[PDB]
Every structure is written in structure tokens, then in C-alpha cells.
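Below you'll find only one chain, the form deposited in one PDB entry, shown as C-alpha cells.
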């Protein structure tokens, strides 16, 4: 049976003067109708029965509008999703370009559909489909804490690095390498110049703002807070949002806008660089090797992602937070399988480390577990080679997240 929404969309398509393309205004009206529909499955069935669903996909032309339409349908449909996907595939004969433009150039149109569909399902299942913002973004453009964690500026949206600087990076000009790398040397000195309130403000800014997502219309309404996504990932991986927050806050203090631009742009350049990207500074090859999107995307979609697509997803905050959390849980589980006798330097640095405790939740870990894991998150894990500075740096971030003024939904 027709729906109010199917009838409206059919009326608009039937009335449209051109049979190859609806107007931008007509398209925006169809997208709004789809997003406000209380019976999306029935609407999709109706449109597919009349032959109008394929027409809809064929006739909504500019890529930005196609992305909004497709992400909206993918994210709202359940029992009729396959019908929509099929109609979209049928439509692609006459539009090989589809959604595969701008920031989404590494996602084939059906891959875009599948990501949207899987992400919407995961946000509903794991509890991050909606969250009111409780923090506002920084306008910093240089220096420590001027990457996406502070600013909400997606790395994929940053201007192309100036031609002169791209060349210099390729040639390893020392000042330019510096400019586009980690901003901190002396980690303690940096923490020393932040007041206790400055520290809390950074944490609140980080977690309180909306995710910077590449798939906003996959969500029912506005994108959720980072804090919401971190709580969901903590529940999924038997961690705590405080631990996840500490790891990300440390990475983001040691992050700049320019580092974000290099991180992403190098990864999708002809070099396919193996950079650490986004909130948690996840390495491209690690995300692939350890299947770090397992809990947000199904296996067939994941196995089909190109390397540049994976790098692109690491720039979408929710994918990055889940990958970060999954990897923290990987490092902890791996730790639990080690022999402390074969880790004398680790024991020397973290003498109250308890390897078995890692298998359980961080609330029950010795503080030495958190310090050691921080070393083994920045560096290769459990090789008995430690980062001298990262443990204290993460431990201070953790102390901030354990302040009574930090609340997670």
C-alpha cells in the first residue's frame, strides 16, 4: 500500500518537467519527506512497486543531494533495505559517478549506501544515535590541541597543503617536517602551563562537541556528541569512557591542524602513506590488520574497502573512536597473554603492573596498567621497549577525566 510519503514523492516525480532530473528544490523536498517519514519501509516498498524508486535515484543528480538522499534511505530502512539497495544499483547504469565525489571519492556509491546502512544500525544497537552537544569547539588553527579533537574541523575538509610545502615535505625539509608533525617535545612542560581548569576545559571541549562525521544523514537527527560515542564504545569493549578519553586527549594535545592535513593528505596521495589519523591517531595499516571497524561495519563491506577508504573513515570521528577503543582492548587482551618475566623493562617502569587484570574492565586495573598501556598505545605493544614520556602524559589526561566535573551520558 502507498504511503503519504510515497504519494508525495510520486506526485513530485510525475509533475517534474524534465524526466532526467528533478530540481534542487524538489530534491530537498523529497529528502525532507524521507527524513520525516514514520513508515520508511512501507514508503520504499511502494516506490519500488510503481517503478518510482529507481527514478528517484536516477533523477537526484548533484552528488551532495544524492549523498543526503541515499544516506537518509539507507539509515531509515530495515526490512526493505535490500529493495532500496537494488534500485540504487539499477540506477547506476546511467550514473556511474553517484556519490563518489569530493570527500567521498574513495567510496563507490553502493559502498556509501552500505556504510550508511551499517552505521545507522550500529548507532541504534550500540546506543549513539542521538546526543545533545555539551561542549563548543576551539577556533585554534596552530599549536597543541588545534587538531579535529579541539576544533571539529574534519581532516578531509582542510585546504590542500600549499604546493611549496607539499614539495618540501616530499624532500624532507626539516623546518617543514616540523611544521606538519607532532607539536610537543617536552610533554611535562606543556602540562605545566595548563591550569586545572584549562585541563578540564580541554577535556569538556573534546568530548562535548558533536562528532565530525562524514555521514551525518545516516543519523536520525543531528550527530551525537563524542561523549555518547565514547560511552557506547566503552560498553562494547569493556573499557570506560574515561580511559578512551584520556588516550584521545593525549593524542589531541600532541596534534595540530597542519598535522591533521598532512595525516590525511599523505594517506590518500600517490604515496598511500601509512600515517596515524584522526582522534585516536590510528595507523592506516593497523586499522586494516586488526579489523578495527568490525563493530560498525559488516564483514563484506569491510573487506571491500580500499586502503584510501579506510584512511577516510579514520577521519570520521565515530569510526575513529570505535577503532581507538577496539585497539585499546586489543592491546589489553594481548598484555594479558604475556609473561612478565620476559618483560623486565616493562616491570621496571611499571612495577605494579598486573597482566591478568587487563582482561577485565579498567575500573579494576592498577594505575600502572593504564601507564603501561599508554606506552604500548603510542609504541609497538609488549616488545619491552617503552615510551619514556607518554605514560605520565596519558596519566595526567586520565586524572582530568576522573575529575568529578566530567560526566558521560
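Note that the rigid core is defined as the largest set of C-alphas that superpose within 1.5 Å between two forms. Positions refer to the first chain, counted from 1.
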| said: Please compare 389-397 with 13-21 and say which has the higher mean C-alpha temperature factor in the record. | reply: 13-21
| note | When mean C-alpha B-factors in the record are compared for 225-233 and 247-255, the larger belongs to 225-233
| note | Comparing C-alpha B-factors across 346, 38, 68, 375 in this entry, the winner is 38
| field | Of the residues 241, 196, 108, 280, the one carrying the largest Cα B-factor as recorded | value | 196
| field | Where the record places residue 210 (Cα B-factor, split into thirds across the chain) | value | middle
| request: Just say lowest, middle or highest third for the CA B-factor of residue 58 relative to the other modelled residues in its chain. | output: highest
| field | Chain third (lowest, middle, highest) by recorded CA B-factor, residue given as residue 77 | value | highest
| Would the CA B-factor of residue 131 place it in the lowest, middle or highest third of its chain? | highest
| task | Relative to the other modelled residues of the same chain, rank the CA B-factor of residue 165 and answer lowest, middle or highest third. | result | highest
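Here the subject shifts to the form deposited in another entry, a form of this protein not shown in this document.
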| field | Cα displacement of residue 387 between this form and the one not shown reaching 2 Å, rigid core superposed | value | no
